[PDB]
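Listed below, chain by chain, are the residues.
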Amino acid sequence: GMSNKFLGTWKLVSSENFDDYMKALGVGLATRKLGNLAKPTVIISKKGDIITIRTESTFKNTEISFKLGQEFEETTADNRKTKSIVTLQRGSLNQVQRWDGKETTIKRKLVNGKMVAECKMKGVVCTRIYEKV
Ligand SMILES: CCCCCC/C=C\CCCCCCCCCC(=O)O
């Protein structure tokens, strides 16, 4: 299952191409300006086979709970209602969100003890690096 090295609290330390990623999602300018300033913490926890990913920031908080391989309904930070799934691939925790015939992926992987989130929508690739805190 998911590595126990994911469990705990993570702080954003770098974000590359997030504005274009949000644009691809249809997020408007005022929201993007606050999203570009946000430096969230992400808390990953697990109870039995249920994994929770909680994001906290001044602007927006989110939380998802899921079992690997089991599709669920999600509310995203920008207020999309998606059909989502999280699965593993080579230890990467990979999320897909679907809605209105569109798709985005967020792949969260451990790299030298950091957590790297690769976020893809259309041709846009955004990379967000987190330190464990
Ligand atoms: C919730 C805190 C960050 C987002 C703040 C701006 C709010 C809405 C715009 C849409 C953002 C959707 C992506 C959120 C980030 C996913 C990748 C990650 O966990 O780093």
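Criteria and cut-off values
- Residues numbered from 1 in each chain as written, not as in the entry; some residues may be left out.
- Heavy atoms only, no water.
- UniProt positions renumbered as here; feature names shortened; annotations may be inferred.
- 1 Å grid on protein atoms, 1.4 Å probe; cavity = no way out; pocket = protein on both sides within 12 Å on 5 of 7 lines; lining within 4 Å.
- Helix = DSSP H or I, 4+ residues; strand = E, 2+ residues; numbered from the N terminus.
- Buried < 20%, exposed > 50% of the residue type's maximum accessible area, 1.4 Å probe, protein only.
- Contact = heavy atoms within 4.5 Å.
- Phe/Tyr/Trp six-rings, centres within 6.5 Å; stacked < 30°, edge-to-face > 60°.
- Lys NZ or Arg CZ within 6 Å of the ring centre and 35° of its normal.
- Near = heavy atom within 4 Å.
- Polar contact = N/O pair within 3.5 Å; in protein donor to acceptor, adjacent residues only side chain to side chain.
- Nonpolar A, V, L, I, M, F, W, Y, C, P; charged D, E, K, R; others polar.

By the naming in the PDB entry, the chain is MYELIN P2 PROTEIN, taken from Homo sapiens. This entry's official PDB title is "The peripheral membrane protein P2 from human myelin at atomic resolution". UniProt, in the comment section headed Function, describes the chain in these words: "May play a role in lipid transport protein in Schwann cells. May bind cholesterol." Within the UniProt record for the chain, the comment given under Subunit is "Monomer."

A.B. asks: Any chance you could explain the UniProt feature "binding site: hexadecanoate" in the chain here in plain terms?
C.D. replies: With numbering aligned to this structure, UniProt lists the feature "binding site: hexadecanoate" at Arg108, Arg128, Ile129 and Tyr130. The named residues occupy 23 residues along the chain; their greatest pairwise C-alpha distance, 10.0 Å, places them in one compact cluster. For the largest cavity, the lining residues among the annotations just cited are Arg108, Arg128 and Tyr130. Within the fold, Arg108 resides in strand β8 (residues 102-111). Its relative accessible area of 13% is what places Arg108 among the buried residues. Each residue touching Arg108, except ones within four places of it in the same chain, is listed here: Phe6, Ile53, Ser92, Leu93, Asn94, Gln95, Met115, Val116 and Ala117. Relative to the elements of secondary structure, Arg128 occurs in strand β10 (residues 124-132). Overall, the relative accessible area of 8% leaves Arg128 in the buried class. The residues contacting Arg128, other than those within four sequence positions of it, are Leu12, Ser14, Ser15, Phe18, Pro40, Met115, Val116, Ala117 and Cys119.

A.B. asks: Would you explain the packing of aromatic side chains in this entry?
C.D. replies: Taken as a whole and assessed by the stated rule, the structure comprises 2 aromatic pairs. Plain terms: the ring middles of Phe18 and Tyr21 are 6.3 Å apart, the flat faces sit at 20 degrees to each other, and that makes the pair stacked. Placement of the pair is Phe18 and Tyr21 together in helix α1 (residues 18-25), with a separation of 3 residues, close to one helical turn. Judged by relative accessible area, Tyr21 falls into the buried class, the value being 4%. Taking 5.7 Å as the distance between ring centres and 15 degrees as the angle between the ring planes, the aromatic pair formed by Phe66 and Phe72 counts as stacked. Considered together, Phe66 and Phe72 belong to a single accessibility category, that of buried residues. Positioned above the aromatic ring of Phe59 is the side chain of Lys60, whose terminal nitrogen or guanidinium carbon lies 5.8 Å from the ring centre. Residue placement shows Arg80 over the ring face of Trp99; its charged tip is 4.5 Å from the ring centre.

A.B. asks: I tried to follow the site of the ligand on my own but got confused; where do I start?
C.D. replies: As a structural note, the neighbourhood of the ligand is formed by 14 residues, with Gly35, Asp78, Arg108, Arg128 and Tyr130 the closest of them. Taking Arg108, its side chain carries an N or O atom lying 2.9 Å from an oxygen atom of the ligand. Those elements that place two or more of their residues in the shell around the ligand are β8 and β10. Looking at side-chain class alone, the shell around the ligand contains 7 nonpolar, 3 polar and 4 charged residues.

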